[PDB]
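In what follows, a structure is listed as structure tokens, so that the remarks can point back to it.
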Amino acid sequence: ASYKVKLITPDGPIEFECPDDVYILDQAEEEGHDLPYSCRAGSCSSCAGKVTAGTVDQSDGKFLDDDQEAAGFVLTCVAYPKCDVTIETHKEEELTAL
Ligand code: FES
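Positions 2 to 99 (the entry's author numbering) are the ones given, in order, by the sequence shown.
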């Protein structure tokens with residue numbers, strides 16, 4: 002019901018606990034962290050990250066195709082944690098370089 006989220010940013014790790022019914026980006030902001038975003042609606046690539054451990058539910062978002070979702074990309078503005086999760090943030094360049 003609350004999961005440990007570790008975010009691997011360009012200048013290192015940050016973790017917090019995040020309820021299973023709160024989006025990861027929302028919770029990160031309640032915790033004082035500043036992450037990239039634009040639409041907050043699952044329809045651009047601005048908030049993109051990559052899951053390196055655990056799983057998320059991001060079915061509220063529509064931007065990613067199945068090859069991107071398969072490579073672990075995630076839209077942090079519309080993603081709920083489903084277990085303890087590790088997510089490397091600021092992945093817009095890499096996603097949009099696929
Ligand atoms: S800010 Fe656009 S998909 Fe997250």
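Ideal Cβ positions, reconstructed from N, Cα and C, are used throughout, including at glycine.
query: Between the alpha carbons of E94 and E16, how many angstroms are there, rounded?; result: 23 angstroms
query: Compare the C-alpha of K7 against each of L96, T56, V79, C45 and name the closest.; result: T56
query: Who are the near neighbours of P20 in its chain, counting only those whose CB is closer than 6 angstroms to its CB and skipping five residues on each side?; result: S3
query: If distances are taken between C-alpha atoms only, which option among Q69, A54, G73, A42 comes closest to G62?; result: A42
query: Based on Cα-Cα distance, which residue from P14, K51, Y24 lies nearest to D68?; result: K51
query: Does the distance from the CB of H91 to the CB of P37 come in under 8 angstroms?; result: yes
query: Shorter than 7 angstroms, the distance from the beta carbon of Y38 to the closest heavy atom of the ligand MN, or not?; result: Questions concerning the ligand MN fall outside what the structure shown contains, since the ligands it does hold are the ligand FES.
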